[PDB]
Every structure is written in C-alpha cells, then in structure tokens.
Amino acid sequence: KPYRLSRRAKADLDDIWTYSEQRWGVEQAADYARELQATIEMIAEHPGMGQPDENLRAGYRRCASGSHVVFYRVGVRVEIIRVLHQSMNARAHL
Amino acid sequence: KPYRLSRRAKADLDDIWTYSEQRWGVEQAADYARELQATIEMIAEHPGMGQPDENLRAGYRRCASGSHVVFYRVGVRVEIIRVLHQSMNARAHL
Amino acid sequence: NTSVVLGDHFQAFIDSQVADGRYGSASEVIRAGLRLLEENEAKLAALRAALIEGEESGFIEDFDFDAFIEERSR
Amino acid sequence: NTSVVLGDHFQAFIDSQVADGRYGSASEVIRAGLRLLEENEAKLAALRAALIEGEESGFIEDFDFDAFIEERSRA
C-alpha cells in the first residue's frame, strides 16, 4: 500500500500532465496519468519486480510506463524518486 | 475498442507469464499481465500516443510497460506486433 | 596501427576522457565507441528481426485478455 | 590527424561498414562510435544528477493520486 513520493517526482507528474494536456487534451492527459498511477501503485505492491540498476546508482530500480520510466528505491518503505522520459535512459557501467 | 494481435506477440505474453510466474508466483504474474493489458488497451484507445520509431521500421511505434515494450503499427486497426523485454532496445539510425 | 582524423571536438573528448580516470589512451576510447557502435548494430538487426517475425506469424482478431489471464492461472 | 592501434576484429568491423554504404571512411566510423560514447556518457551524468535532485527534493508521504488527477482536470 504505502509509498513515499519525492517532490521532484511530483513536479514530474505536473510536467507530464502539462505536455499531455497540451499535445492531446484533458481526457488523454488523465488516461496517461492513471497509467503512471498504476505503474507506481504496482511498484508499491510488488517492489521486487522493478528491474535493478545497481551500476546506475545504489539501491535503484526502474519500471517503465508509456513513454516514461519510474525510478525508485526501497528504504523502510518504497521511495519514488523521479519519473523521467525514456530519452534520459543510458547504459550504466559495472 | 478492437485491435489485431500477432501470434508471436501472444506467445510473447505466454513466455512472459511463464517467466514471471516461475520467478514470482501467479498473483504477481497475473498482475503484470494486467499492466500489459492496460498498456495495450490504451495503445488501442489512443494509438497516436506511442513514441514512433520510424528509423527502426516504417510505421512502428512503441509503448513500454513495466520491464517490457509493446511495438505496434496500425493498419486498418492497431496491430500489436511484439512484446519484448526492454533489454532489446536499440538506437535506431536516422 | 591505423590512422584517422577526428573532430577538434572528439580529439578533446578523447583528451578529457583519457585525463579523467577513464581510459589509458586514445586507442582505448576509440574502441569503447567502436564496441558501442557494433553492439548497437547487432541489437538493431535483432530488433528488426523480432518485428519481422511478428509480422509473419499471423494475427488474432478476437483476443480476450481477461480469458487469457484466467487460462494461464485458473 | 591521429594514429590508433585496432586489432583484427575492428579492422574488419570498420571494413564491413565502409564496403557497405554505412560510412565513407574509417575515420567516419570511429567518429560515429565516439559520438555514441559521448552521448551516453552525458545522458548518464544527467541521469544520476536527476536522481540526486529527486532524493534532495524531500518527500510527500500520503499522495492522493485520485485527487492530483481531479485537481489537474479542474485546471
């Protein structure tokens, strides 16, 4: 059930909503957001399913949604750090 | 709300169900299949929302979901071509 | 033992990369990039193939996800 | 105009690229590789900084996603 959600991450949803609403209207903006919601709510439930990226940064997992990627780690509960465009992705070194 | 589903892509779902079921159990396999369902039902509702990858293959767009990536085109309707692990991603050459 | 012309730009990138802790010389950098370019060319071939393979496997018109999900997990 | 030791493998990889119509020369192929190296190296720094910023942003603990959607739709 519970997760924490970084302010930046929340700024990310805000910006995501802005672009979507602008490119496609509120209906579509709202649809895409529920998808981010579902991705996130599922990370909360099944934290271990996200693919780790330990060479990117210690403790980190990513879980994609649409055109975006949810970056999170787990401390005493699941922490949603950033929601970023897949265009940000890069191969991390071992 | 209809869409065409390639049979290789249905085998993709199957392979995916098996892997996750073996790794995490049925509750979890079924919930992941549901994330994938929702992604595909949104690709169908709003096809123009996937990121095109026209340099990869003409007419193709993608929509990622969890650790996976739905690649599709649209003919007379949306056709889901493949559902592939995100480690298959590649930088299409202009 | 080859011979090439880079940008002023890539010459400097190589310089900085080498003068970080990153590689031991220009050749090692050049190869790192080559490794990337090759890899990316392999993955692209694979991806196009996976997609052709999908195009050529036939099509379901009436897929019931809900029934698929039940079936795999009755 | 630099000098570089390439082994057989890339000796040959460069030729498969240049005998095909991908690139006009060895130098062009190596530039292509470097470009990708540089682009990734830079996406990668950008990513880690982006994640640190996320960590330092502090947290919201009780997020009401149903209401975020409400409010954003109202606007």
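Heavy-atom basis, side chains included; hydrogens, waters and symmetry copies ignored. A, B, ... follow the sequence lines: proteins, then strands. Residue 1 opens every chain.
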- Which atom names give the shortest non-hydrogen contact between D:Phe10 and C:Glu38, and what distance separates them? CE2-OE1, 3.4 Å
- Among D:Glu41, D:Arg35, D:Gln11, the residue with the most heavy-atom pairs under 4.5 Å to chain C is D:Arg35
- Only one of C:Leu6, C:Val5, C:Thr2 passes side-chain contact (heavy atoms from CB on, under 4.5 Å) with D:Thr2; say which it is. C:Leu6
- Message: Applying the side-chain contact (heavy atoms from CB on, under 4.5 Å) criterion to C:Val4, which one of D:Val4, D:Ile14, D:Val29 satisfies it?
- Response: D:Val4
- First locate atom CD1 of D:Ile30, then atom CG of C:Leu37, and finally report the distance between them rounded to the nearest 0.5 Å. 10.0 Å
- Item | Within 6.0 angstrom of C:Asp20 CG, more than 12 heavy atoms from elsewhere | yes
- Message: Less than 4.5 Å to any heavy atom of chain C: does that hold for the side chain of D:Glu28, its backbone, both, or neither?
- Response: neither
- Is C:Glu70 atom CD crowded by more than 12 heavy atoms from other residues, nucleotides or ligands, each under 6.0 Å away? yes
- Note on the structure: Heavy-atom nearest pair, D:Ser27 first then C:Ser3, reads OG-O, 4.5 Å
